[PDB]
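Encoded as structure tokens, the following chain is the form deposited in one PDB entry, with no partner shown.
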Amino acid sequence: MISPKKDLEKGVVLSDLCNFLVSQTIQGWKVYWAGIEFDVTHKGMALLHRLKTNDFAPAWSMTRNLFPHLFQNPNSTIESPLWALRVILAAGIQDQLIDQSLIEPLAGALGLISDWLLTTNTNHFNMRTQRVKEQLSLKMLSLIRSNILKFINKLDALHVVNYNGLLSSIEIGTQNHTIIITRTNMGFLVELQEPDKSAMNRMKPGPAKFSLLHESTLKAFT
């Protein structure tokens, strides 16, 4: 009976993809999504808040000056590392959602999941256009998993911010946002801007949300 075909598969896949499980640890959080464990920490978050102040705390002076649209912008707000993880996961899905045929239901199913991760803070997503729940399969879940792993490795291939021409950030457009992920000495700065990146208008900065994903979270995937 493990061999003959069934509804059980779509059910398990639905459960893994439409739930973002979070468990508190001393260090931060354990997260479980798509059958993948992530260890998220809140180290580094205090420094982020520090940099939002004018406390001159030198040596980080450079970092704040590299990201004035984040640290010197009354319209930018700090989110938690859990949000940072959600944004990176949405970005990974998008970065391999973009090349899909307008099938569309599978691309639609991915878009729904990506959208839920990116723009909400809930632990559960109710997909009920179930012409896409039947787009849910173990094949689709495997594809999502391998491509999340591929995206995480792309991030690990980034160099820390530099003046040596070496790539240090990735930008991903979504339907209603621009996602930017930049490797810094603090870890990965994850930001969410408008599609026009108005936060970058140094004379009159638009809105942004940002946070930090500590290097340790990606190290497990190497």
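Numbering starts at 1 and follows the sequence shown. If you superpose the two forms and keep the largest set of C-alpha atoms that fall within 1.5 Å, you have the rigid core.
This protein has a second form, the form deposited in another entry, left out of what is shown; the following refers to that one.
In a superposition on the rigid core, which residue from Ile26, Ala59, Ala157, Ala46 has a CA displacement reaching 2 Å or more between the shown form and the other one? Among the listed residues, the one whose C-alpha moves by 2 Å or more is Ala59.
Does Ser101 move appreciably between the shown form and the other one, meaning a CA displacement of 2 Å or more on the superposed rigid core? Yes, the C-alpha moves 2 Å or more.
Quick one: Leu212 and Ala59 C-alpha atoms, closer or farther in the other entry compared with this form (3 angstroms or more)? Relative to the shown form, the pair is farther apart.
Outcome for the Cα pair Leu47, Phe56 in the other entry, compared with this form (closer or farther; change of 3 Å or more): Compared with the shown chain, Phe56-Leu47 is closer in the other entry.
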